[PDB]
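What follows is one chain in structure tokens, specifically the form deposited in one PDB entry.
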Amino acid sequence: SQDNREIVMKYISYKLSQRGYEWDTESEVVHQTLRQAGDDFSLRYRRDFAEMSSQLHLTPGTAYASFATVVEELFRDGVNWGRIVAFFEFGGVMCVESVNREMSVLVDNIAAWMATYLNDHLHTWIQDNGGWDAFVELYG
């Protein structure tokens, strides 16, 4: 019912489309509110966005460790919607950088990592905080 997998796929498709790359359930109201919040996050936290984009040194064998290290740091002091939006933007940076560095094979892997983290680690918090509808109530 949270449909976190399709939320991830639609989000990553949008991020890759913004950079000119074509790649591969909840209301459009949720999908559009999330992508607008993520665009706004990265224009508000531009230095952070740019630093993350620059300092990722992706290879296939180390990309998961990069993902897991950053996500643990992001949620170390707990979960809030803003950090969830930052998590989506981070996955979008990892996907775009993968395509830029001729490692496009990583995009489907990163999408799986994101869906899995939502389902296994953020699911309880999302349900307890009123689901994706509550995200829209606050930030739509």
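Each residue number is its position in the shown sequence, starting from 1. Throughout, rigid core stands for the largest set of C-alpha atoms superposing within 1.5 Å between the two forms.
What comes next is about the form deposited in another entry, which does not appear here.
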Task: Displaced position between the shown form and the other one, chosen from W81, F75, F49, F88 (C-alpha, 2 Å or more, rigid core) - done: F49
TODO: Would you mind telling me if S53 and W113 are closer or farther apart in that other deposited form than in the shown form, C-alpha to C-alpha, with a 3 Å or larger change?
DONE: closer
Task: Closer or farther in that other deposited form, the Cα atoms of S53 and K15, when the shift from this form is 3 Å or more - done: farther
